[PDB]
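To start, the structure itself, in structure tokens.
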Amino acid sequence: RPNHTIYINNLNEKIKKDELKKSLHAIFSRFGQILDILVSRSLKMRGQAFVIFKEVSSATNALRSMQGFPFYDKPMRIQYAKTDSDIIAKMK
Amino acid sequence: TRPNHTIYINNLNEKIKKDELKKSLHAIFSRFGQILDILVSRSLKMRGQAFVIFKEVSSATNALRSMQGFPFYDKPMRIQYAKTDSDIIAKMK
RNA sequence: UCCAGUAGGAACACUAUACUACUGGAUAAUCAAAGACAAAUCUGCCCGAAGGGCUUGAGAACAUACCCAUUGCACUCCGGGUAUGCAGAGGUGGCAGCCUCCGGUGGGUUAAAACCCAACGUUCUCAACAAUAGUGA
RNA sequence: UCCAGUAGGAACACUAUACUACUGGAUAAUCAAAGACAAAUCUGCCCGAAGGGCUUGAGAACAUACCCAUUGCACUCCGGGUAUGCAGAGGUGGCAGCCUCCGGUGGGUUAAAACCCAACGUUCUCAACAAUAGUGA
Ligand SMILES: [Mg+2]
Ligand SMILES: [Mg+2]
Ligand SMILES: [Mg+2]
Ligand SMILES: [Mg+2]
Ligand SMILES: [Mg+2]
Ligand SMILES: [Mg+2]
Ligand SMILES: [Mg+2]
Ligand SMILES: [Mg+2]
Ligand SMILES: [Mg+2]
Ligand SMILES: [Mg+2]
Ligand SMILES: [Mg+2]
Ligand SMILES: [Mg+2]
Ligand SMILES: [Mg+2]
Ligand SMILES: [Mg+2]
Ligand SMILES: [Mg+2]
Ligand SMILES: [Mg+2]
Ligand SMILES: [Mg+2]
Ligand SMILES: [Mg+2]
Ligand SMILES: [Mg+2]
Ligand SMILES: [Mg+2]
Ligand SMILES: [Mg+2]
Ligand SMILES: [Mg+2]
Ligand SMILES: [Mg+2]
Ligand SMILES: [Mg+2]
Ligand SMILES: [Mg+2]
Ligand SMILES: [Mg+2]
Ligand SMILES: [Mg+2]
Ligand SMILES: [Mg+2]
Ligand SMILES: [Mg+2]
Ligand SMILES: [Mg+2]
Ligand SMILES: [Mg+2]
Ligand SMILES: [Mg+2]
Ligand SMILES: [Mg+2]
Ligand SMILES: [Mg+2]
């Protein structure tokens, strides 16, 4: 079921953390407010990213019209996060 | 570059069999109009590429526009207009 | 191995020497390029018995490049591997800030420059070395 | 090396030798598994002087899988490597349909099946070989 935070993978792992951050925010901002967007290049967290919207509908609208988007020459795979983010759990 | 019945596509997943590529392409482009034929070769020079021929010029335009970048077989499509008319069309009108 | 130019020459300051680096040269060692400790000595909080490193090395981290793995649901940084790092500087120790210089970017301005604006720049731990001569207080 | 079972034994057809392959066995050579040329002798067009290959090997092409190349404007076809291919068959030459049989795959049906439907299946060139005997027509 829907969730403020969307989970993205299949991301071009060769992209620097900094760039990936701003690039993601750039293409998702048009969908609403973005509290934060977590990105790690660990062995376990690379090629992945968590985007946090302030509204649940924003995430839904983003998951739908952006699914498959050719991000850095790779089709995005957006899903809902299986659990709420800390920023949101400790907010409401 | 001006419109053309036939659209040129490249950056296609070269690992895909000729047969599959054929039907898969027709499957996603049919919604844009009639398709006379769709040429696909796996030569050294023609692989990763495909030519789709519509019966209407507008069909090709509508297809080039709303399909550009489409994640086909895990690869962004690169649709352009064919630089020259196809034989099927030249020998038709 | 020598010679010169330039920078440095490491716990106060200058000079000379040893010596290190860069550049070019062959006893006459060319001519030259090149280059940041210039100015000034800041505010706040904190620690110490005492605040001042243009040395080298060994670890560690970090950054950048490729290579091998990895399709991975997290919210504390954190797989492995080769190569690279030798530009940042002054303001007396640490953190924060502010000022100035240097640098290569990105803007603004110009005919073009200046001039301005902004962000950014390898750090920690350990170990060795920080010499000699002269002068200065 | 022998023995058996099975298939084959290559230019009409049986059969028996030689011989090839698969499977299992040791002179008594086990028991067994396994397996498609069964039915039928089709419709066009074209070629010939005469239409009938379950043989072997090599090469080439092609498919599949992997590896390096390649972002590439075509409309007969096509870069390299590397490993597999030993199942397709009958309907008298070539081509095109069609029919049936094998095979696996996909789909429908059924409680399961049987059985239906569908698309599929290694080709070409060269070289060698297509033997004895018997009975046939
Ligand atoms: Mg982050
Ligand atoms: Mg000097
Ligand atoms: Mg020294
Ligand atoms: Mg030299
Ligand atoms: Mg000085
Ligand atoms: Mg000074
Ligand atoms: Mg100093
Ligand atoms: Mg210093
Ligand atoms: Mg070091
Ligand atoms: Mg998954
Ligand atoms: Mg998990
Ligand atoms: Mg690493
Ligand atoms: Mg190193
Ligand atoms: Mg540096
Ligand atoms: Mg200091
Ligand atoms: Mg101070
Ligand atoms: Mg400071
Ligand atoms: Mg500057
Ligand atoms: Mg102007
Ligand atoms: Mg700075
Ligand atoms: Mg000294
Ligand atoms: Mg026999
Ligand atoms: Mg034989
Ligand atoms: Mg044997
Ligand atoms: Mg028969
Ligand atoms: Mg015969
Ligand atoms: Mg086969
Ligand atoms: Mg025949
Ligand atoms: Mg015939
Ligand atoms: Mg035939
Ligand atoms: Mg069948
Ligand atoms: Mg039938
Ligand atoms: Mg068949
Ligand atoms: Mg014979």
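List of remarks:
- Contact order relative to length of chain A, as percent, for alpha carbon pairs under 8 angstrom and 6 or more apart: 42 percent
- Gaussian network model of chain A, Cα within-10 Å springs - most flexible of A:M76, A:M45, A:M66: A:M45
- Alpha-carbon centroid distance for the pair the stretch B:1-69 / the stretch A:32-47, whole angstrom: 36 Å
- Over the stretch A:49-92: Rg over Rh, Cα atoms, Kirkwood Rh: 1.02
- Rounded to the nearest 10 degrees, the angle from helix B:18-29 to the longest Cα principal axis of chain B is 50 degrees.
- Equivalent ellipsoid dimensions for the protein assembly as shown as semi-axes, Å, which come from the Cα gyration tensor, largest first: 40, 17, 13
- Between 0 and 90 degrees, the angle of helix A:56-66 with respect to the longest Cα principal axis of chain A falls at about 30 degrees.
- Cα gyration tensor shape of chain B, rounded if a/c is under 1.5, else prolate or oblate by comparing a/b with b/c: prolate
- Between the amide H of A:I78 and those of A:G68, distances stay under 5 Å, these residues lying 5 or more places away or on another chain, with hydrogens modeled in the peptide plane.
Where a number appears in this text, it was derived from the coordinates with a stated rule and is not lab data.
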